[PDB]
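These notes are about the structure you will find just below.
Throughout, read-outs are computed from the coordinates displayed, never taken from laboratory work. Here the Cβ positions follow ideal geometry from the backbone for every residue, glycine too, while neighbour counts run over all protein chains shown.
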Amino acid sequence: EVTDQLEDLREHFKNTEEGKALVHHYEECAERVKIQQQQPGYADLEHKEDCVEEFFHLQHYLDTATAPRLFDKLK
Amino acid sequence: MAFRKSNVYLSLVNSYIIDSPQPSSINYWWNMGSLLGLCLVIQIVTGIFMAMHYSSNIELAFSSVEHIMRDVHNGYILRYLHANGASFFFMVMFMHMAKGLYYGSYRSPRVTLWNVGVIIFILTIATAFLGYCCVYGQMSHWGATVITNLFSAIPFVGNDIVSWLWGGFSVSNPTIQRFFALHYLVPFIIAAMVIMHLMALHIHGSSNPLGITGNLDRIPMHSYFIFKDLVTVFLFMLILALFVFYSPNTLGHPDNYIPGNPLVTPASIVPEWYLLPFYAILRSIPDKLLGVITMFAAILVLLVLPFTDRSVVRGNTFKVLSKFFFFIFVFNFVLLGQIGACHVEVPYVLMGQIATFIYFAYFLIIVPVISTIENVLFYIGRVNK
Amino acid sequence: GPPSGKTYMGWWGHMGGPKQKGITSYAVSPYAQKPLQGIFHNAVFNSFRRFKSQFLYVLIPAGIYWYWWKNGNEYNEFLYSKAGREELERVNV
Amino acid sequence: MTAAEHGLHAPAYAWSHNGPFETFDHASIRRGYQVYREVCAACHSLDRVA
Amino acid sequence: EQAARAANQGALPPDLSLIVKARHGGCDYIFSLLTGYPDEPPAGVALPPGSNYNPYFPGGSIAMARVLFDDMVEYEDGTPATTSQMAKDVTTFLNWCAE
Amino acid sequence: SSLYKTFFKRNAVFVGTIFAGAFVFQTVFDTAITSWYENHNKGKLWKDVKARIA
Ligand SMILES: CCCCCCCCCCC(=O)OC[C@H](COP(=O)(O)OC[C@H](O)COP(=O)(O)OC[C@@H](COC(=O)CC)OC(=O)CCC)OC(=O)CCCCCCCC
Ligand SMILES: CCCCCCCCCCCCCCCCCC(=O)OC[C@H](COP(=O)(O)OCCN)OC(=O)CCCCCCCCCCCCC
Ligand code: HEM
Ligand code: HEM
Ligand code: HEM
Ligand SMILES: COc1c(O)c(C)c(C/C=C(\C)CC/C=C(\C)CC/C=C(\C)CC/C=C(\C)CC/C=C(\C)CCC=C(C)C)c(O)c1OC
Ligand SMILES: CCCCCCCCCCCCCCCCCC(=O)O[C@H](COC(=O)CCCCCC)COP(=O)(O)OCCN
Ligand SMILES: Cc1cccc(-n2nnn(C)c2=O)c1COc1cnn(-c2ccc(Cl)cc2)c1
């Protein structure tokens, strides 16, 4: 009947364009590595692209925005 | 005469803390030596009351420190005052040595007073290392592994000192049992060196911030400096109480709350904050034998200081160039502690190497050149010709 | 015991300075002076005067060592990012 | 090292026992043992607590 | 210890008596560890067989899966047992076990 | 003024009052500090939770 409060705030601060600037930046990374890893031949490689750096930039903004705002919603 | 001057025992108290002649212009930097006598008393008293509940076996050592924290009545006060008191003991001693480096207290006739002080500083480092290995945390095992492996590089005698320090083949149960017995003993050698320290002080007395003779204006110790000594004692106990009761694990490392394990290494091995400047001198030398020489030479280079100061005035009150290079040396010692807490990466292997060069070039190059320059500048700025 | 080697300090009466002649001194008891007179004109000004003399011998050595740390730090964060992945090579070895 | 090898940085929530004059919430200690007994004790020990 | 690694695919789950004081972060790290498992890993990473992604663990890959879900306990006082509510109460209890 | 042997004249009343007050102050400062602490944190102690499970 009541969902958990941390994932409610994690989408409400994804409804700002401060969030959409970092959502779209990580989705651009995901669609570059996936027209890759199906091109013919890898284990050729020694280094290739991840999206861990673009992941942490979106996670860091979400914790600056929800940390002072949460424990008044819990009991 | 009075009874306090004719008794055999009361006259020593009267000649040291009651009727002792003092220069009337000394400031609050001359209060650090009495405050170090209070620091030694707190460490001995709280450690004796904790030794009644401690076991030094390698399978009982970590859990007996937990027994003091949880079961002993007011046992958490004893440990927190002991672990935080050692950091306050090292902070005042860094301020004590820096005052005498500033006001010129190492020169004649106080050279013997400066040489006994260097011996106390080596015994205080050895004491804090031995007691940190007695908790037997995960930082205690790998800090004792790294240090004891340095003595295997001594030429033609290396696999003896290390097998005599271990009592076996690695850091094991004979190492922890003998480290606690030596930890009980060296605080009593330090207290005998403190008595010999105050004997060399009584025959010449203190200096002053002016740096000239003080035999023209003296006031007694009692009723004037006992109430000035009392001001910094109550400030000391209040800042110490703020750490023991409100932030007791700030000057520590959380990996010491894991029991030690010879089969798992930690991701980051970092000493306490007062050994970080000397840890960074060791990692700068790529050789193994030359690295252990340089880390011990960083304390024995304080004994060349009466010979390289070529100035004719004592202190740093009226010396413009010598006041500039005193704070180059201070902030280079705070940069050396920050390098020693970082990873070994490649902006930082060259920053920690040049900063070790500034440590040794201050004592042997910068001081004897800047000293003689100000002797000539004082002369030609006065002599009319 | 026997007397030992001589020093540069004595005791009350024979402290060991030059002979004095012609200096006078005066003082008044603490019970006659007003309580806490020198609390203003003291740190709000005096120590504001003593700071302004001796601060430039501290702040110029401090600024060189804080420029060196902040500039050396931000080159380490660049070398361990994705943009600084090729320059981590050819530098470390 | 890289930020992937160090781990993410935990933020600063507002716990009711932060501050120099604060006490534990003993109604949140009581409910915390109920989550230990039902979810957590299947794989973890609590060997220092009598 | 051999029976503990035998039921957890080689990994050893630690003792939780001093886990608050033995981690960089304290109460903030144990709370953010549990309520921090993503629904999917980031694109490009390759996990070992039998691993989970959690970005608060150094390295990214952890041997503990997500164990808290909604309405899995029922409190006696009547508090709604959500994911963040139950994760708040273990960290308050476990901080008392250390101190 | 004219209260000094009633206050702090005597050697045995300079130390015979600051030792006398050292226990009277010891119990009334202890009580008033404990009373302030358990009202700043009212509602979280075990005394308040045990009265809620009645
Ligand atoms: C962790 C250990 C805790 C215990 C440490 C004790 C304090 C160690 C600090 C080192 C030190 O003593 O340096 C003092 C230095 C020069 O001292 P000075 O004799 O020239 O100034 C006497 C003045 O006339 C007041 O002298 P006054 O007669 O007013 O004494 C009262 C004063 C006493 O408090 C202190 O000064 C304690 C330091 O309190 C008041 O001011 C009343 C205010 C309503 O003053 C300075 O130059 C300021 C430099 C800052 C030093 C920071 C050290 C870096 C770590
Ligand atoms: C081998 C190991 C040896 C130890 C190496 C040194 C370790 C560094 C320890 C840090 C504490 C040392 C800082 C203070 C050193 C003593 C300074 C001193 O003795 O006083 C000098 C000066 C007095 O002022 P004046 O007497 O010149 O006033 C004019 C009167 N005509 O008074 C002053 O100028 C004080 C000004 C403020 C000094 C503090 C500034 C911050 C220092 C950095 C501390 C960083 C801690 C992290
Ligand atoms: C100058 C004096 C001393 C210094 C600098 C010193 C230093 C230390 C330090 C730094 C620790 C580590 C504490 C921690 O990190 O938790 C320690 C531990 C310990 N010390 Fe001392 N110590 C001194 C005197 C003594 C003496 C005389 C004893 C006599 C029994 C003693 C008994 C202990 C004990 C029992 C421990 C056990 C572990 C613990 O309590 O944490 N100490 N010492
Ligand atoms: C447990 C350690 C120590 C104690 C108890 C101690 C105590 C004292 C005391 C009481 C004084 C009297 C003047 C004053 O109070 O400032 C003094 C002065 C002095 N100390 Fe120490 N000290 C210790 C360590 C050291 C160290 C480590 C050094 C130097 C490496 C040192 C060098 C000196 C010098 C040179 C003086 C004379 C300063 C002057 O008169 O101007 N001492 N010490
Ligand atoms: C419900 C409350 C639980 C809490 C608060 C909790 C907490 C923790 C913590 C703090 C760690 C250590 C993280 C670290 O080492 O940095 C850990 C590790 C672990 N836990 Fe739990 N846990 C819980 C339940 C469980 C359950 C039900 C399992 C069942 C299999 C489990 C299995 C593990 C394992 C295997 C590890 C080791 C992870 C690794 O070292 O990679 N835990 N847990
Ligand atoms: C102008 O220069 C000065 C000067 O400025 C000062 C301040 C002094 C003042 C002197 C000092 C500050 C010296 C400080 C003295 C020491 C450091 C002595 C060393 C201390 C000890 C050896 C500690 C003694 C050991 C104990 C008390 C053991 C305690 C254990 C107990 C009580 C356990 C009891 C157990 C049971 C079961 C009851 C000078 O003498 C002096 O020179 C003229
Ligand atoms: C490392 C060693 C440190 C060296 C110690 C130096 C500091 C010691 C003095 C500390 C204060 C101790 C003084 C005791 C009080 C004075 C004693 C006295 O009145 O002298 C004695 C009392 O006799 C005793 O029993 C001494 C007991 C010693 C107790 C030791 C704990 C009186 O002797 P007397 O009347 O002859 O005085 C000479 C007058 N011209
Ligand atoms: C390495 C390490 C790693 C982790 C914790 C520690 N450590 N050992 N003791 N303490 C208090 C401490 O932090 C240490 C030791 O660090 C250092 C640095 N220099 N020394 C040193 C210097 C001179 C002597 Cl005679 C003995 C030792 C010891």
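Out of B:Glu59, B:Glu66, which single residue is among the charged types (D, E, K, R) and not in a helix (DSSP H, G or I)? Spell out the reasoning first.
Values: B:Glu66 fails: not in a helix (DSSP H, G or I).
None of the others qualify; the one that does is B:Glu59.
Could we say that C:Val58 is at the interface with another protein chain (Cβ under 8 Å from one of its Cβ atoms) and of a type in the set (A, V, I, L, M, F, W, C) here?
When the stated conditions are applied, C:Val58 passes them.
Name the single residue, out of those in region E:33-54 being in contact (Cβ under 8 Å) with a residue 12 or more places away in the chain and surrounded by fewer than 13 Cβ atoms within 10 Å (Cβ to Cβ), that is nearest to the other protein chains (Cβ to nearest Cβ). Show your work before the answer.
Our first condition is that a residue be in contact (Cβ under 8 Å) with a residue 12 or more places away in the chain; within region E:33-54, this holds for E:33-38, E:41, E:45, E:47-48, E:50-54.
Narrowing further to those that are surrounded by fewer than 13 Cβ atoms within 10 Å (Cβ to Cβ): E:47-48, E:50.
Numbers: E:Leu47: 12, E:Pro48: 15, E:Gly50: 15 Å.
For region E:33-54, the residue satisfying everything is E:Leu47.
Within region A:1-49, which residues are loosely packed, with under 10 Cβ neighbours inside 10 Å and in a loop (DSSP other than H, G, I, E, B)?
Residues satisfying the conditions are A:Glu1, A:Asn15, A:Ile35, A:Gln38, A:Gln39, A:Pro40, A:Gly41, A:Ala43, A:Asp44, A:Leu45, A:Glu46, A:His47.
Taking the stated definitions as given, is B:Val346 surrounded by fewer than 18 Cβ atoms within 10 Å (Cβ to Cβ), at the interface with chain C (Cβ under 10 Å from one of its Cβ atoms) and not in a helix (DSSP H, G or I)? Talk me through it step by step, then tell me what you get.
Values: surrounded by fewer than 18 Cβ atoms within 10 Å (Cβ to Cβ): yes; at the interface with chain C (Cβ under 10 Å from one of its Cβ atoms): yes; not in a helix (DSSP H, G or I): yes.
Yes.
Mind listing whichever residues of chain D are surrounded by fewer than 15 Cβ atoms within 10 Å (Cβ to Cβ), among the charged types (D, E, K, R) and within 7 Å of chain E (Cβ to nearest Cβ)?
D:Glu5, D:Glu38, D:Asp47
I'm checking my understanding of the structure. Among residues of region E:60-92 that are near ligand 5 (Cβ under 9 Å from one of its atoms) and without any contact (Cβ under 8 Å) to a residue 40 or more places away in the chain, which one is nearest to A:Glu53 (Cα to Cα)? Before you say what the answer is, go through the steps one by one.
Step one: of region E:60-92, the residues near ligand 5 (Cβ under 9 Å from one of its atoms) are E:61-65, E:67-68, E:86-87, E:90-91.
Among the residues that remain, those that are also without any contact (Cβ under 8 Å) to a residue 40 or more places away in the chain are: E:61-62, E:65, E:67-68, E:86.
Values: E:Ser61: 16, E:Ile62: 19, E:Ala65: 23, E:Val67: 27, E:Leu68: 27, E:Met86: 30 Å.
Across region E:60-92, the extreme among qualifying residues is E:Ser61.
So which of B:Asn84, B:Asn57 is in contact (Cβ under 8 Å) with a residue 12 or more places away in the chain, away from ligand 4 (no atom under 13 Å from the Cβ), within 30 Å of B:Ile26 (Cα to Cα) and not small (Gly, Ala, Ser)? I'd like the intermediate steps shown before the answer.
Numbers: B:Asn57 fails: within 30 Å of B:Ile26 (Cα to Cα).
Result of the check over B:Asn84, B:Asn57: B:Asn84.
Consider region B:126-180. How many of its residues are away from ligand 3 (no atom under 16 Å from the Cβ) and β-branched (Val, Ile, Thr)?
Going through region B:126-180, the residues away from ligand 3 (no atom under 16 Å from the Cβ) turn out to be B:145-146, B:148-174.
Okay, now just the ones that are also β-branched (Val, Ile, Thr), so B:145-146, B:148, B:154, B:157, B:161-162, B:171.
Summing the residues that are away from ligand 3 (no atom under 16 Å from the Cβ) and β-branched (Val, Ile, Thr) in region B:126-180 gives 8.
Starting from region B:2-22, keep only residues that are within 12 Å of another protein chain (Cβ to nearest Cβ) and away from ligand 2 (no atom under 16 Å from the Cβ), then list their pairs with residues that are of a type in the set (S, T, N, Q) and outside any loop (DSSP other than H, G, I, E, B) whose Cβ atoms are within a distance under 8 Å, requiring at least 6 positions of separation or different chains.
As it stands, the answer is B:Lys5/B:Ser11; B:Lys5/B:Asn14, since those pairs meet every condition given.
If E:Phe57 meets every condition in (1) aromatic (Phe, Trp, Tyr); (2) within 9 Å of chain D (Cβ to nearest Cβ); (3) under 30 Å from D:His26 (Cβ atoms) apart from one, which number is that one?
That leaves (3) as the condition not met.
Among B:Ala2, B:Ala86, B:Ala51, which is among the aliphatic types (A, V, I, L, M) and over 29 Å from B:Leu238 (Cα atoms)? Lay out the reasoning, then the answer.
On the way: B:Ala86 fails: over 29 Å from B:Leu238 (Cα atoms); B:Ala51 fails: over 29 Å from B:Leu238 (Cα atoms).
Exactly one of B:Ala2, B:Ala86, B:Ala51 is among the aliphatic types (A, V, I, L, M) and over 29 Å from B:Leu238 (Cα atoms), namely B:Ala2.
Which numbered condition in (1) within 13 Å of ligand 8 (Cβ to nearest atom); (2) away from every other protein chain (no Cβ under 14 Å) is the only one that B:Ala181 fails?
Of (1) within 13 Å of ligand 8 (Cβ to nearest atom); (2) away from every other protein chain (no Cβ under 14 Å), only one is false for B:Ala181: (1).
List every residue pair whose Cβ atoms lie under 8 Å apart, where the two residues are 6 or more positions apart in sequence or sit on different chains, the first residue falls within region C:82-93 and is more than 14 Å from B:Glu345 (Cβ to Cβ), and the second residue, located anywhere, is surrounded by 12 or more Cβ atoms within 10 Å (Cβ to Cβ) and of a type outside the set (A, V, I, L, M).
Within 8 Å, the pairs are C:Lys82/A:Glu49; C:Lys82/A:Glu53.
Condition first: within 14 Å of chain C (Cβ to nearest Cβ), more than 16 Å from ligand 5 (Cβ to nearest atom), surrounded by 13 or more Cβ atoms within 10 Å (Cβ to Cβ) and farther than 28 Å from B:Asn115 by Cβ. Can you find one or more residues in region B:147-159 that meet it? Can you show your working first?
Filtering region B:147-159 for residues within 14 Å of chain C (Cβ to nearest Cβ) gives none.
No, region B:147-159 has no match at all.
For (1) surrounded by 17 or more Cβ atoms within 10 Å (Cβ to Cβ); (2) within 25 Å of C:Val91 (Cα to Cα), each residue gets a yes or a no:
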| residue | (1), (2) |
| --- | --- |
| B:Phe329 | yes, no |
| B:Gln338 | yes, yes |
| B:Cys342 | yes, yes |
| B:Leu350 | no, yes |
| B:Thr356 | yes, yes |
| B:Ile370 | yes, no |
| B:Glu374 | yes, no |
| B:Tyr379 | no, no |
| B:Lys385 | no, no |
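Out of all the residues in region E:1-22, which are within 18 Å of D:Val35 (Cβ to Cβ) and more than 8 Å from chain D (Cβ to nearest Cβ)?
E:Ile19, E:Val20, listed by residue number.
Restricting to region B:52-98, count the residues that are more than 9 Å from ligand 3 (Cβ to nearest atom) and within 14 Å of chain D (Cβ to nearest Cβ).
Looking only at that region, the number is 7.
Give the residue that is nearest to the other protein chains (Cβ to nearest Cβ), with candidates limited to residues of region B:99-142 that are part of a loop (DSSP other than H, G, I, E, B) and away from ligand 8 (no atom under 16 Å from the Cβ). If you could, list the steps in order and put the result at the bottom.
Kept after step one, since they are part of a loop (DSSP other than H, G, I, E, B), are these residues of region B:99-142: B:103-110, B:133-136.
Within this subset, residues satisfying the condition of being away from ligand 8 (no atom under 16 Å from the Cβ) are B:103-110.
On the way: B:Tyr103: 14, B:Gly104: 15, B:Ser105: 14, B:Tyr106: 16, B:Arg107: 12, B:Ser108: 10, B:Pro109: 6, B:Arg110: 10 Å.
Looking at residues that are part of a loop (DSSP other than H, G, I, E, B) and away from ligand 8 (no atom under 16 Å from the Cβ), I get B:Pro109.
Is it the case, given these coordinates, that B:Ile212 is part of a helix (DSSP H, G or I) and surrounded by fewer than 17 Cβ atoms within 10 Å (Cβ to Cβ)?
Working: part of a helix (DSSP H, G or I): no; surrounded by fewer than 17 Cβ atoms within 10 Å (Cβ to Cβ): yes.
So B:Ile212 fails the test.
I need the full set of residues from region B:241-287 which are buried (at least 18 other Cβ atoms within 10 Å of the Cβ), aromatic (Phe, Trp, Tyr) and more than 12 Å from chain E (Cβ to nearest Cβ), in order please.
B:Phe243, B:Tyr274, B:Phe278, B:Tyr279, listed by residue number.
So for region B:33-51 (the condition being among the small types (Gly, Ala, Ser), within 19 Å of B:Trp114 (Cα to Cα), away from ligand 3 (no atom under 15 Å from the Cβ) and away from chain C (no Cβ under 14 Å)), does at least one residue qualify? Break it down stepwise before answering.
Our first condition is that a residue be among the small types (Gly, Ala, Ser); within region B:33-51, this holds for B:33-34, B:37, B:47, B:51.
Applying the additional criterion that residues be within 19 Å of B:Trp114 (Cα to Cα) yields B:33-34, B:37.
Next, from what is left, pick out any that are away from ligand 3 (no atom under 15 Å from the Cβ): B:33-34.
Subset that is away from chain C (no Cβ under 14 Å): B:33-34.
Checking region B:33-51: at least one residue is among the small types (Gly, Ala, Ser), within 19 Å of B:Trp114 (Cα to Cα), away from ligand 3 (no atom under 15 Å from the Cβ) and away from chain C (no Cβ under 14 Å).
Which condition number in (1) within 16 Å of ligand 1 (Cβ to nearest atom); (2) buried (at least 18 other Cβ atoms within 10 Å of the Cβ) is the one that B:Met91 fails?
Tallying (1) within 16 Å of ligand 1 (Cβ to nearest atom); (2) buried (at least 18 other Cβ atoms within 10 Å of the Cβ), B:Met91 fails exactly one: (2).
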